[PDB]
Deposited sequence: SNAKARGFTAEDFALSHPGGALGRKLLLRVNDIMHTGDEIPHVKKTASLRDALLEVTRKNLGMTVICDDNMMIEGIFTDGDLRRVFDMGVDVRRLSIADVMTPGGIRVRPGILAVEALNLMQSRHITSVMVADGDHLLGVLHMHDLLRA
């Protein structure tokens, strides 16, 4: 696990089909279907070229509770990490920000999503 903490996020993040993402035109309902589908408790909002527009977490749905599109309720932009950071560094950031998932990106280009549980 000590070894585990020195792995790079690149090698532990969900990629490809495992990434939850929807377009900013998506229904809230459709966005939620994607969140459920991929089991990470959040979805990215991005275009077909994987350029990041926002994020939406289960906590954000609670915050909404104060029929919409996902753009209407997302966090625009969003916290993210670079693929070369260490598992331990990612864990530290997530702890300090009190989050359990994070996007992995090169700038605004989405590469993957990491969950606290992956950090094992």
Ranges of the deposited sequence (numbered from 1) for which no C-alpha atom is modelled: 1 to 21, 88 to 93, 148 to 149
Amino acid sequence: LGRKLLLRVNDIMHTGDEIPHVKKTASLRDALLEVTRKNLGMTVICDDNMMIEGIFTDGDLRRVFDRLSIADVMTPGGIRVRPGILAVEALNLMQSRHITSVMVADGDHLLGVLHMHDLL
From here on, numbers count along this sequence of modelled residues.
Ranked against its chain, the third holding the CA B-factor of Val81: highest
For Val113, the third of its chain into which the C-alpha B factor falls: middle
Ranked against its chain, the third holding the CA B-factor of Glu53: middle
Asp60, C-alpha B-factor rank within chain (lowest, middle or highest third): middle
Ranked C-alpha temperature factor of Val22 among modelled chain residues, by third: lowest
